[PDB]
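What follows is a short report on a single structure.
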Amino acid sequence: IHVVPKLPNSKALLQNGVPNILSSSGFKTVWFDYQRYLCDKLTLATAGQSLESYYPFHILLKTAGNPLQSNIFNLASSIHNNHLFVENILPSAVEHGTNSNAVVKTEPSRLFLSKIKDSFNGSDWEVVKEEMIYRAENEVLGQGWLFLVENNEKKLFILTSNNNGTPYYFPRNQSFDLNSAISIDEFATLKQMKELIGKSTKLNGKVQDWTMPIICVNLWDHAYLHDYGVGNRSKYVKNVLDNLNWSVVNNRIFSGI
RNA sequence: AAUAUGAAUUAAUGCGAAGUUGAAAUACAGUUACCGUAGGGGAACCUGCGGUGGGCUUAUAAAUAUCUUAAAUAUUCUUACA
Ligand SMILES: [K+]
Ligand SMILES: [K+]
Ligand SMILES: [K+]
Ligand SMILES: [Mg+2]
Ligand SMILES: [Mg+2]
Ligand SMILES: [Mg+2]
Ligand SMILES: [Mg+2]
Ligand SMILES: [Mg+2]
Ligand SMILES: [Mg+2]
Ligand SMILES: [Mg+2]
């Protein structure tokens, strides 16, 4: 059985929500309700099978290449992504419930701001945030996820997913919406991706992708509607990126010590 | 008539030494042995008929074998997680 993880300072979260982003009702929808909804569906889908003993991140990797397990993949991807989003927007990862700590001033580290300049042609963090808000509004028509990811070449770049798209495995990033029209450049990217997946010799037709997320923003209606409303998702993404917990985001960047 | 004794006369058998004529039995003993019975032969034995195993249970291949996430996941784990 997959159970909803306990969050630090949960009593505060159920009373005052997440300050500057979500209210108490908004956080109950995104985490206490939706995370319960996802975990229960995952348990029903995976109970009695070998996947029941694996964590959601491992389930999505195991099932990423199986077309008829997409339902399990979607549930595992959503569960992992939601706790990636709830973790970097959380007031404090440490449990100051008995310490009553009200001073958590987290700021981008030097390694993060050095990789931002290197990967974005000298752009500042503030400018990159504006590009992230723009990318979300023009690339994610409906539900999806906004990620700041790091690849095998030490370069930070921006990835957007439609519905439950994993950042780890490029064949399942779901960054192109094929319901609408696509340019020849987008079709080239899809055609090149298909060729890479066909070069793999494995009988499971799986490739190696070492991309890892650094920041996760939930773009689903379960996270913003109640507090911002239809059409105000760009005001929601702005608040999230301005109130990130950088103790978690800094720890996601590999240092090598 | 019985019992006992001796008895002309006559039958069976044991042991002892010790050669002779064969080689019947014990191994598939060189023809499986033996049981009952009959006939035959210097001698053991041979032959016929049925029976027995205390002789053959001593018994030992015409072969062909299959698909799900090989791993950022199993393989590690030291009373921890829950
Ligand atoms: K004889
Ligand atoms: K006889
Ligand atoms: K006879
Ligand atoms: Mg003779
Ligand atoms: Mg003889
Ligand atoms: Mg004989
Ligand atoms: Mg004769
Ligand atoms: Mg006979
Ligand atoms: Mg004999
Ligand atoms: Mg015998």
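Residue numbers start from 1 in every chain, and the chains themselves are labelled A, B, ... in the order their sequence lines are given, proteins ahead of strands. Atoms considered below: every heavy atom in the structure, side chains included; atoms not considered: hydrogens, waters and symmetry mates.
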Query raised in the report: Across all strands, who's sitting opposite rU52(B) as a Watson-Crick or G-U wobble pair, both distances under 3.5 Å?
Result: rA33(B)
Query - Intra-strand stack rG30(B) & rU31(B), ring centres under 5.5 Å, planes under 30° - result: no
Report task. Once you apply the 3.5 Å cut-off to both distances, tell me the Watson-Crick or G-U wobble partner of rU57(B), or none. Result -> none
Query raised in the report: Atom CG of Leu51(A) to atom P of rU68(B): distance rounded to whole Å?
Result: 15 Å
Query raised in the report: If the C1' atom of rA27(B) is compared with that of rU58(B), how far apart are they to the nearest Å?
Result: 14 Å
Query raised in the report: Hey, does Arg172(A) have a side-chain heavy atom less than 4.5 Å from the side chain of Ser70(A)?
Result: yes
Report task. From the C1'-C2'-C3'-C4' angle alone, say whether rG54(B) leans north (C3'-endo side) or south (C2'-endo side). Result -> south
Query raised in the report: At under 4.0 Å between heavy atoms, what does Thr201(A) touch on the DNA or RNA strands: base, sugar-phosphate, or nothing?
Result: nothing
Requested in this report: Starting at atom CG of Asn66(A), determine the distance to atom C1' of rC67(B), rounded to an integer number of angstrom.
Outcome: 13 Å
Requested in this report: Take atom P in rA23(B) and the same atom in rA43(B), then report the distance between them in whole Å.
Outcome: 15 Å
Query raised in the report: Over how many whole Å does the gap from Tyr54(A) atom OH to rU73(B) atom P extend?
Result: 10 Å
Query raised in the report: Can you check the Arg172(A) CZ to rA72(B) P distance for me, whole Å?
Result: 18 Å
Query raised in the report: Do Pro5(A) and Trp31(A) have side chains that get closer than 4.5 Å, going by heavy atoms?
Result: yes
Query raised in the report: Looking at the six-ring of each base, are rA63(B) and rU64(B) less than 5.5 angstrom apart at the centres and less than 30 degrees apart in plane?
Result: yes
Report task. Write down the partner of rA62(B) under the Watson-Crick or G-U wobble criteria, each distance required to be under 3.5 Å. Result -> none
Query raised in the report: Is the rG41(B)-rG42(B) step stacked (ring centres under 5.5 angstrom, plane angle under 30°)?
Result: no
Query raised in the report: Is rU31(B) a north or a south sugar when classified by the sign of torsion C1'-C2'-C3'-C4'?
Result: south
Report task. Write down the partner of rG6(B) under the Watson-Crick or G-U wobble criteria, each distance required to be under 3.5 Å. Result -> none
Query raised in the report: Across all strands shown, which nucleotide pairs with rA25(B) by Watson-Crick or G-U wobble geometry, both distances under 3.5 Å?
Result: none
Query raised in the report: Taking the six-membered ring for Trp, are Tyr168(A) and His80(A) ring centroids under 6.0 Å apart?
Result: yes
Query raised in the report: In Watson-Crick or G-U wobble terms, both distances under 3.5 Å, what is the partner of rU20(B)?
Result: none
Report task. Pick base, sugar-phosphate or nothing for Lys62(A), based on heavy-atom distances below 4.0 Å to the nucleic acid. Result -> base
Report task. Check whether the six-membered base rings of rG50(B) and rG51(B) have centres under 5.5 Å apart and planes under 30 degrees, and report yes or no. Result -> yes
Query raised in the report: Syn or anti for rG54(B), with syn set at within 90° of 0?
Result: syn
Query raised in the report: Taking for each residue the nucleotide of RNA chain B with the nearest heavy atom, is it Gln69(A) or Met212(A) whose nucleotide lies nearer the 5' end?
Result: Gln69(A)
Report task. Provide the distance between the two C1' atoms, one in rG53(B) and one in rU57(B), to the nearest whole Å. Result -> 13 Å
Query raised in the report: Separation of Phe73(A) atom CZ from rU68(B) atom P, in whole Å?
Result: 23 Å
Requested in this report: Using the P atoms only, state how far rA7(B) lies from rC34(B), rounded to an integer number of Å.
Outcome: 45 Å
Requested in this report: Determine the sugar pucker of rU75(B): a positive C1'-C2'-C3'-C4' angle counts as north, a negative one as south.
Outcome: north
Query raised in the report: Among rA72(B), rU68(B), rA74(B), which nucleotide sits nearest the side chain of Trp210(A)?
Result: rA72(B)
Requested in this report: Would you mind pulling out the nucleotide paired to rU69(B), Watson-Crick or G-U wobble, both distances under 3.5 Å?
Outcome: none
Query raised in the report: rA74(B) on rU75(B): ring centres under 5.5 Å and planes under 30 degrees?
Result: yes
Requested in this report: Using the closest heavy atom to pick a nucleotide of RNA chain B for each, name whichever of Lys206(A) or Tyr169(A) lands nearer the 5' end.
Outcome: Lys206(A)
**Report entry** Candidate pair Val207(A) and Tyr169(A), rule side-chain contact (heavy atoms from CB on, under 4.5 Å), full reasoning
**Finding:** CA-CA 8 Å; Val207(A) 305; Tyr169(A) 190 69; 3.8 Å; yes
Report task. Taking the side chain as every heavy atom from C-beta outward, state whether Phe32(A) and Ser10(A) have any pair of such atoms under 4.5 Å apart. Result -> yes
Query raised in the report: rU69(B) and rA65(B): how far apart are their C1' atoms, nearest whole angstrom?
Result: 25 Å
**Report entry** Length of the CZ-P vector between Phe57(A) and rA71(B), whole Å
**Finding:** 14 Å
Query raised in the report: Under 4.0 Å between a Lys/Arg side-chain N and an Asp/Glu carboxylate O for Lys6(A) and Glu95(A)?
Result: no
Report task. For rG16(B), measure the glycosidic angle (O4'-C1'-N9-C4 for a purine, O4'-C1'-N1-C2 for a pyrimidine) and name it syn if it falls within 90° of 0, otherwise anti. Result -> anti
Report summary line: Sugar of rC77(B), judged by the sign of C1'-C2'-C3'-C4' (positive north, negative south), puckers south
Query raised in the report: Between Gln49(A) (CD) and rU69(B) (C1'), how many Å, whole number?
Result: 13 Å
Query raised in the report: Using the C1' atom in both, what is the distance from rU31(B) to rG48(B), to the nearest Å?
Result: 15 Å
Report summary line: Partner of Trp220(A) under side chain to side chain contact (heavy atoms under 4.5 Å, CB included), picked from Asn163(A), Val30(A), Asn82(A), is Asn163(A)
Requested in this report: Check the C1'-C2'-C3'-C4' sign on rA63(B) and let me know if the sugar comes out north or south.
Outcome: north
Query raised in the report: With a 4.0 Å cut-off on heavy atoms, is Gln208(A) in touch with a base, just the backbone sugar-phosphate, or nothing at all?
Result: nothing
Query - Interatomic distance where CG belongs to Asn204(A) and P belongs to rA70(B) [whole Å] - result: 6 Å
Query raised in the report: For atom CG of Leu190(A), is the number of surrounding heavy atoms from other residues, nucleotides or ligands below 6.0 Å larger than 12?
Result: yes
Query raised in the report: What distance, rounded to whole Å, do you find between the two P atoms, one in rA74(B) and one in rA80(B)?
Result: 22 Å
Query raised in the report: In chain order, what residues pass the salt bridge (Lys or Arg N to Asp or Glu O under 4.0 Å) check against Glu126(A), with sequence neighbours excluded?
Result: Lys129(A)
Query raised in the report: In whole Å, what separates the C1' atom of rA12(B) from that of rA33(B)?
Result: 31 Å
